[PDB]
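# Fold and contact review
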Amino acid sequence: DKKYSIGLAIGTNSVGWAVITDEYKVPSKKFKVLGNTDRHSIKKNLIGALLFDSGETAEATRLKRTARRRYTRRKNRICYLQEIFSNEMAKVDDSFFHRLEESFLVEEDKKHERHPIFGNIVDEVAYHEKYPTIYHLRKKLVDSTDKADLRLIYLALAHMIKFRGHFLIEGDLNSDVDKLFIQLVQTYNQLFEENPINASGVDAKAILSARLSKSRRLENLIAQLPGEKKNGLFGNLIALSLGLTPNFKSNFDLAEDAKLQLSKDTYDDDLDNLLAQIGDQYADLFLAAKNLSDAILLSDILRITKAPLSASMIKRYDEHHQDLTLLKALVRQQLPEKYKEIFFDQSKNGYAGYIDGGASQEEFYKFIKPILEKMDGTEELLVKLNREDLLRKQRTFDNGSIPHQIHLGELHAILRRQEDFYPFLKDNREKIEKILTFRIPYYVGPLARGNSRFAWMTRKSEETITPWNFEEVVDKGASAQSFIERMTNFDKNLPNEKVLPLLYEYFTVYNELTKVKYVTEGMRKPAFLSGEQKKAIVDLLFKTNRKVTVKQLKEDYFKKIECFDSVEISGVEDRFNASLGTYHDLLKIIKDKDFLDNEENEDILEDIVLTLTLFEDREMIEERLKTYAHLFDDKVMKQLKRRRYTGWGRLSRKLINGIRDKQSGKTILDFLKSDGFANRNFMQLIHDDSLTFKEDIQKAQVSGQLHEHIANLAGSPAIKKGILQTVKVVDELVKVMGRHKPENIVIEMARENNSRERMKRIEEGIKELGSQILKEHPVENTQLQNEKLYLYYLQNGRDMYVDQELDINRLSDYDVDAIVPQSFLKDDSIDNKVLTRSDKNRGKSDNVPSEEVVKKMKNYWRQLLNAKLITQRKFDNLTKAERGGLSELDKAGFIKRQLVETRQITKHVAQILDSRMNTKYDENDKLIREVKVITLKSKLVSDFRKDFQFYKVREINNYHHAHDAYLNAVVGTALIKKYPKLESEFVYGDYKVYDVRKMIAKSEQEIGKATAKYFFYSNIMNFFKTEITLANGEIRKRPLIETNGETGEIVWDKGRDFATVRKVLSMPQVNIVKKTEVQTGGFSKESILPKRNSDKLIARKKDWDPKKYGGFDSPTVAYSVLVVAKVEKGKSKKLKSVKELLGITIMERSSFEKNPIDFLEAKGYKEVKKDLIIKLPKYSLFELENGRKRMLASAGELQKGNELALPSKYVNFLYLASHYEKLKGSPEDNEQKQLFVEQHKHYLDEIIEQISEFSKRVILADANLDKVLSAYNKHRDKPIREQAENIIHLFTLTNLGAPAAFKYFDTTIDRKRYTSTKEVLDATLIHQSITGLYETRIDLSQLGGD
RNA sequence: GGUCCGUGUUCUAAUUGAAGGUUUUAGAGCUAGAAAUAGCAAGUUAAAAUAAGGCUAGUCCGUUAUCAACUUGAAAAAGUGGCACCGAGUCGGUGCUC
RNA sequence: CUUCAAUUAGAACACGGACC
């Protein structure tokens, strides 16, 4: 009952836990059941798992939420214009807005008249005939001096502000091809002085305005420059600028091809591979090639009048008509049978389907391309297709490229056009123009009043905000200053005050000063610097020299004042690593010593650095600089702006003057100065028990208390829901086993993040070698997962050790060879593996490949290296063979590369555990480690698992994850127990760092595995195996009881320590718990479904009708609930007791949670139970008679609640025939297992029986079950390896959660869906604690109302 | 090897501006036919909504994080489940402590 | 409910300089 070990299998989806004894075993306790079930007590084996859905990234939120701002800010300019325009709108027509706002409702509910534009039938059609789309009306105002009807002005300007086009252009609009093409060559010619270009003569506008296909257009420009072919670099530079996909593989002498698109998302990424191969050059020639390309894009939409956009938009439109009317005739004449579907069917992707139907321009367009070819005369309209310019809708996705300047001008023109006629229009021109120019800046964020957490803004004055007065009512300095401060860490040492980058310098001088010990000649004993000695030292030496030397100290100070002719300084280097530099920064510029030595200004001089450190805009500094101008000149001011300070310093200011030592009355900074004869360090000042500082800190630095300190970390939020829940598992254990602080604890995090590489790495190598062995014997893509078949082609069909051409059929005789032996490091990597007829020929075993083979065939190895068949490491190691002995550190690197991960995540949680569990401290100011927190790397965990015949199959059961929690658990222990000598490098505590030499031993294998120096070999797993295949072809054993020599403790006995493991995993019951989670998400799927008359559709708002206005559907419901109460059934509304589940749409939780009963009543339920119901998140575990279990689903929906248990004998089989090749490694170890592969056709039948019995028992998908059994019979005759993996997939109908679709050769078995929740209320129900060992079980057939 | 510093790159946490997908209507459809239905005509755009909605009425906030169950506790957060062995189809039994 | 862009924070890769 005393000494236990526990380990983990951290996972993004999985959380595995086990409870071993210190001797390796699982216990078998009995625990009680909560509820009203005749199952009082239960027997649980200690290990179990907890699975979950992973933690979400706030990006999903982020896109919906910022958008909710614009979607309401959009109408915040729309609302804004009405009011300036509200006054005279009333006189022209009383109801125009009160007719606009009501455009959705059908006329009868809708206010006023169904024609919003005019309210009268005749005129609205009259408008649509002069101007069908608004660009017609948009330009008409710009063209016509004649005053138009006011209403027309309003509608015209709405389409301007709502769709202003991006602000990505910073200024007033220099953007023609003409200006931004000559910058691509003036820098390209700047890029290449020699090898120049001519730019005077070239015309770009006439060549690059043209809508004609790009392919001729890129060709078209080169003929205007004889120098560069289209492949030629410049010629590709434009190709990118055109938006095509050009390849810089030829362009520079680059092995790896580079296809880049200006257009694509990844362009940034792909190109940044290139600027990393070119060195940081040509960011100009590619940005201006984007400038150009972007100055290319706009000219598509500018094809004399003032409104170019309008003109251009009309041009597409009449073009839309000319070709459209042109077209109908050809179908109706040449092949008229397809006119039927083209124009009428919105589902067909015919034209009608493009214009109103869901099909996007792409879908319609792709549909048209084969059609054209059959018709005659088509190709000219097809010319518009290649452009993709044919029959354009005005509003589309490419409309995404406008800047706000293009919209502005016609607005500003439109204003100029009608201002004279509506007087109030010209005076709000300024204001109205400002509605467009306004941009909520990035650095101001939102604009709250401080009642929402996100806004950081501060308002100089308080009044309702407008875009007109935005600049008057906002401190830019505080919107901006705040922006950086929130995201800048406060001190690592004081979390309650921002870090520095004067004080820190004022501190740093004094801190180093304290430890100086001076001995004049007289001094009998070396004494510290006296306090007054400091103030004399600060005044002169540090306020006149940047770095002050030891020689300065003697000469400047010791001779002059104290007349220590000779003297010794023993505390410090010659020149002080600290300095009064920021001080010295100001004397050069402000040049008023008496101003800085002054103490009063110390608050200001510090106030001023932050205000400098924060701002990155030279202008911006001015914003908060001005207040202090009335104290100095302007020429200092212009001298002042320039200087900049950054960096976030190690210390806080409220440590320095905020705390006080209540007894002594001295701050730490006050204390460093003048500490009396016993000067003391600042790090001596943190732990001094006489002083209030260690105890004043303790109240501060725990104010935060765990949802808080872990979400302080950084990384994927998927594992954040791991770590928070992983810790949560840990404490439930001490409840499972009596609040006991354990001996050791093992953690591991598996890594989060191939058939085609294998065939691109062979093709370029028989091409630069030039050989014909690729043309002598041919292969495929899906065959090179065979390492014997993939090590013939990396050695060019010639031996790697013997230089005979390799046979091509009998590879089962040739032998796998790791270059460096498996007793040093265990390598299945591609590079270490070499194929030869004979494993040994690489020479002596204990050594790496023999020195004799390096003299003969070194060159052949070097020969391949140039063809990228083998990595550099592969070659590098075989010269080490030639070189001689792998370094002790190379050996020592093998451990460090085996020893510990580098992911910081495995570190900052092990402090949490240190902090979390090792609460107790000793009375000597140190930390007790009764719990040794072990950090493992999975490959070691995995390799042993694979090394010693225990498999992981993800497909069969979640047991594999929970084992990994166990398997981790044992190994962390057995390491701190056999080698307590390396505890520092992996466990989270200060410990002993000796690795390089002791583990190294020379020449001792037989009594050197017992010396102080534990292991001559590098491999850390060797002792567990009874013997290690001593390198190549020789074998050396390991003593059967393995134990650390020093421990005098059986770290390991080979005979039986495994017997626990093999039998432990054999444990039939592992706890399996699915965290019930209150559901989260949107009220419904975002799509607005057509008008229909089905109840399920959700009204878009309270007024709206689903039966008439459609909207949402498939509403999602956070917790299902169980209720008993009578309901009305029979037109006489007779009372009838019932029992039926219900799903509570997260939409209705707010209505439900506060007042469940009333929400129950509005639904029509009556005689509501008082506090009988259960709140169940999804994933609730049911239990039925016969062991059937079920997991919660919302309506007549249920998934599998029963897991599959499997015997071990069957698991080790199933992966040997899964991995029939790529086993490689040791052939002899392979073959004794290989006998087994065809040896036991029988055990799978028992499996086939093991497999089948579960389906009749639990899932009762009796109609689905039958099909799968037949399919094995289809392939039953076939050899086992191929069949064996076909039944691995078939567990996915037997694997947890809902039935899935799963392949079986050409036979596919659809997923099974359960349509009714009715069955589980008769059943027993479950409530699972997070450990799942404890239970709350409610018999559900007792609670009912007749 | 470490620190710090520049830059570029990607990803994750926040801010801002742009283009959409969609639903209702406005967009009168016209020729012949009892009508149903044949034949032609036109089609691009515009408003309003983009989670219901809530109070603090903000140019706010609403899809992140958190949740086994019980006893409290308004919530947070504390408290609630015998041991030593034999063994295994999801856990049995055994016997000690109760 | 897709996409694109501005600004800042952190983590992982390439290059240069300063210190140990």
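## Section: the environment of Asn 1286
By the secondary structure assignment, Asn 1286 is in helix 54 (residues 1280-1289). Ignoring any residue separated from it by four or fewer positions in sequence, one finds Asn 1286 in contact with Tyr 1304 and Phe 1305.

## As for the protein's contact with RNA strand B
Inspection of the region around RNA strand B gives 146 residues, with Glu 124, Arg 332, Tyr 351, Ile 440 and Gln 1250 positioned closest. In the environment of RNA strand B, a sugar or linking oxygen lies 3.3 Å from a nitrogen or oxygen atom belonging to the side chain of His 1327.

## Here we look at the nonpolar core
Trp 861, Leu 913, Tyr 966 and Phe 986 are the most contacted members of the largest nonpolar core, which totals 118 residues. For this core, the element with the most residues is helix 44 (residues 959-978), which contributes 10 residues. Contacts of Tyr 966, omitting those with residues within four sequence positions, involve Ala 18, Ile 20, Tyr 24, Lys 25, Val 26, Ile 47, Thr 1060 and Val 1064. Listed in part, the 38 residues of the second largest apolar core include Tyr 127, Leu 141, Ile 414 and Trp 468.

## Topic: the side chain of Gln 261
Its place among the elements puts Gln 261 in the loop between helix 9 (233-242) and helix 10 (267-274). Separated by 2.8 Å, the side chains of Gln 261 and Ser 263 make a polar contact. Not counting residues within four places of it along the chain, the set of residues in contact with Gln 261 comprises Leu 240, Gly 243, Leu 244, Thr 245 and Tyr 267.

## Section: a positive patch on the surface
On the surface, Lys 588, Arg 618, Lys 635, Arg 642, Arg 643 and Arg 644 cluster together into a positively charged patch. With respect to the helices and strands, the residue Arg 643 is situated in the loop between helix 28 (634-642) and helix 29 (654-658).

## Observations regarding the sheet that holds strand 24 (residues 1140-1145)
The 3 strands lie next to each other as 24-21-25, forming an open sheet whose pairing is antiparallel. Edge positions in the open sheet fall to strand 24 and strand 25 (1175-1177), since each of these has one partner strand only. The sheet shows a mean angle of 35° between the axes of neighbouring strands, taken without regard to direction. Here 6 bridges tie strand 21 (residues 1117-1123) to strand 24, and the two strands are oriented antiparallel to one another. In the sheet register, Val 1117 faces strand 24, and the bridge partner there is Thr 1145. Against the sheet, helix 48 (residues 1146-1154) contacts strand 21 and strand 24, and its axis sits at roughly 100° relative to strand 24.

## A short note on the pattern of salt bridges
In this structure the tally under the stated criterion is 56 salt bridges. Of the charged contacts, one joins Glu 419 and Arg 416 as a salt bridge, the two residues approaching to 3.2 Å between their closest N and O atoms. Connected via shared salt-bridge partners are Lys 826, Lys 939, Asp 943, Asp 947 and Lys 1025.

## Thoughts on the packing of aromatic side chains
Counting across every chain of the model gives 48 aromatic pairs. For the pair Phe 85 and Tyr 154, a centre-to-centre distance of 5.6 Å together with 35° between the ring planes defines the contact as tilted. With a gap of 69 residues between them, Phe 85 in helix 1 (residues 59-92) and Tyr 154 in helix 5 (residues 150-161) connect regions that are remote in the sequence. By the burial criterion, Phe 85 is buried, and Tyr 154 matches it. Judged by centre distance (5.1 Å) and plane angle (15°), the rings of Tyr 354 and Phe 364 are stacked. Placement of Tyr 354 in helix 14 (residues 351-355) and of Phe 364 in helix 15 (residues 361-374) is noted, with a sequence separation of 10 residues between them. The rings of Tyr 24, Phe 944, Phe 948, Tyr 979, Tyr 1014, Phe 1023, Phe 1024, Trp 1052 and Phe 1058 are connected pair by pair, giving a single aromatic cluster.

## A few points about the pairing of strand 31 (residues 1324-1328)
Pairing analysis gives 2 bridges linking strand 26 (residues 1182-1183) to strand 31, with the strands arranged antiparallel. The partner of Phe 1182 across the bridge, within strand 31, is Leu 1325. Pairing of strand 31 with strand 32 (residues 1335-1339), which is carried by 5 bridges, proceeds in the antiparallel orientation. Residue pairing in the sheet places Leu 1325 in a bridge with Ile 1338 of strand 32.

Rules and cut-offs
- Residues numbered from 1 in each chain as written, not as in the entry; some residues may be left out.
- Chains lettered and ligands numbered in written order.
- Heavy atoms only, no water.
- Residues with missing side-chain atoms left out of burial classes, pairs and counts.
- Helix = DSSP H or I, 4+ residues; strand = E, 2+ residues; numbered from the N terminus.
- Contact = heavy atoms within 4.5 Å.
- Near = heavy atom within 4 Å.
- Polar contact = N/O pair within 3.5 Å; in protein donor to acceptor, adjacent residues only side chain to side chain.
- Core = buried A, V, L, I, M, F, W, Y, C linked by side-chain atoms within 4.5 Å.
- Buried < 20%, exposed > 50% of the residue type's maximum accessible area, 1.4 Å probe, protein only.
- Patch = residues over 30% accessible without salt bridge, like charges linked within 9 Å, V, L, I, M, F, W, Y side chains within 5 Å.
- Areas by Shrake-Rupley, 256 points an atom, 1.4 Å probe, with all protein chains shown as cover.
- Salt bridge = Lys/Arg side-chain N within 4 Å of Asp/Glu carboxyl O.
- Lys, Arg positive; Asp, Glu negative; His and termini not counted.
- Charge placed at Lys NZ, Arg CZ, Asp CG, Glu CD.
- Pairing = 2+ DSSP bridges.
- Axes fitted to C-alpha atoms, helices over the stretch in contact; angles between N-to-C directions.
- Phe/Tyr/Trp six-rings, centres within 6.5 Å; stacked < 30°, edge-to-face > 60°.

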